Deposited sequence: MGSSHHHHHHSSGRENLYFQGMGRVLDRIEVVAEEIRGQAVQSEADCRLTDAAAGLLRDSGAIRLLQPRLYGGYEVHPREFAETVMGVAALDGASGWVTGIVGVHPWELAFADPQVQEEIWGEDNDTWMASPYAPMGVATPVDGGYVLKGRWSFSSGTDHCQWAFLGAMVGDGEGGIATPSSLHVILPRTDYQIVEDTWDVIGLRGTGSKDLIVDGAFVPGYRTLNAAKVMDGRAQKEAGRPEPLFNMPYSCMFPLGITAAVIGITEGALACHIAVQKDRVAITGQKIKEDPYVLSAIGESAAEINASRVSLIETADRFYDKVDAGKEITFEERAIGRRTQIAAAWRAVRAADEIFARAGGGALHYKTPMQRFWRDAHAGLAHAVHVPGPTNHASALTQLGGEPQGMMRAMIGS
């Protein structure tokens, strides 16, 4: 696809901004510019608003490609890049507000329901504090989760202009993905009109998409597939970056003892093992999306069990890839501990990415297995499927 070709062209420029975005804990303007100009955030955007409506496979592969160059950029592409997908089935009025003048206007996250929306006439009033708002300095709107206080939805996704919230400085001093600048946001009491909200349960279960009735199969994909897809793709591509870094170093490396690493059977076979695991994650994650897309294109319904199994695969894919990156980092030696070498940055980024809520494994493994035994997950055990 064309976006990935444009990324390949500026690959050296992207790698060129990485150290500085990390030092700043925020993508440099040049780093954000490289992504904005490449069209990466428009991957899943409606064509009406300059977007490409790519197949999920293309989105996933592009994120992985960006992530292998600079983990922070890759991560921001996979998160900020998913927001146009959901907005596609938000009220036409908010899509016009966000993209009407400038198609390249970005939305920040998180969807975590960290806020409280008080229903008032015409909409809601919002108060809360959210964390992990990736790429937020470069966004002009936020898409946030909220619970509804005291005939309305129980939970919402709400859209706010940057004018209506505060980015909290010094709230992203973390071990990895430093360059994402995933700062806290605070809202003291912002009015949010009804047309700038979606009911979160309807987003999850397909009812918001049915109400919008779009013809494009892309926009009828399950939320539980699409939202975690960018995030786990970023983790996968980060580990592919680490592997690439490791290989580049190992080719010339002569070890503490006198031994050339390119002649070391223990280290070389362990590289093969890790590369096999990381590939298994890439293919697995993408296969779910291919198949879901095929069913949606065919007008066939994606079942709860199918969704649950897809989440299971996606979670397992993140974990497999991170563990594989750990195995090669442990064999990279003491020189790989230094900040002046890139591998360690990919390695820490992968671990930061693994801490995201979409990677918690236990409940989903349990719930998907329960559906396979003929049982029905109840209540909270149905969340994020």
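**Request:** Write out the missing regions of the deposited sequence in sequence order, one range per stretch.
**Result:** Gaps vs deposited seq, in order: 1 to 22, 173 to 177, 413 to 414.
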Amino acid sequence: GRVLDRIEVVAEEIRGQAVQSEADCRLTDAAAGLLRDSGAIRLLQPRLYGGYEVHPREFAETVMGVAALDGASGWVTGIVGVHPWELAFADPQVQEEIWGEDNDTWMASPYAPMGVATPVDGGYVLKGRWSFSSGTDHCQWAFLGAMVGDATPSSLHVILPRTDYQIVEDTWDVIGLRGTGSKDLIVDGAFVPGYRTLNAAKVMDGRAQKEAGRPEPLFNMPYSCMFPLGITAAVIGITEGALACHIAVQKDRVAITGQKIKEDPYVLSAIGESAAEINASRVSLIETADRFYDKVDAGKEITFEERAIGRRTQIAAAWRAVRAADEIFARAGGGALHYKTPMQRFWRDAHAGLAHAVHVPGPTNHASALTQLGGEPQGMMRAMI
From here on, numbers count along this sequence of modelled residues.
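Stretch exceeding the other in mean C-alpha B-factor - 342 to 350, 23 to 31 = Between 23 to 31 and 342 to 350, it is 23 to 31 that shows the higher mean C-alpha B-factor.
* Stretch with the higher entry mean CA B-factor, where the candidates are 108 to 116 and 307 to 315 -> Result of the comparison: 108 to 116.
**Q.** Residue, from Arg129, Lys262, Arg282, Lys183, that the PDB entry assigns the highest Cα B-factor
**A.** Across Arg129, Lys262, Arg282, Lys183, the entry lists the biggest C-alpha B-factor for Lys262.
Per the entry's Cα B factor values, which of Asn103, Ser224, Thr171, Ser274 stands out as the maximum?
Spelled out: the listed residue with the top C-alpha B-factor is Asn103.
Note to self: Taking only the Cα B-factors deposited for this chain, tell me whether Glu96 sits in the lowest, middle or highest third.
What the structure shows: Its C-alpha B-factor, which the entry lists for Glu96, ranks in the highest third among residues of this chain.
Chain-relative CA temperature factor third for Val192 = Within its chain, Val192 is a middle-third residue by C-alpha B-factor, going by the deposited values.
Quick one: classify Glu240 as lowest, middle or highest third of the chain based on its Cα B-factor. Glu240: CA B-factor falls in the lowest third of its chain.
Handout entry: Third of the chain, ranked by Cα B-factor, where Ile278 sits
Key = Answer is lowest: the recorded C-alpha B-factor places it there.
If you rank every modelled residue in this chain by C-alpha B factor, which third holds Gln372: lowest, middle or highest? Ranked within chain, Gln372 CA B lands in the middle tercile.
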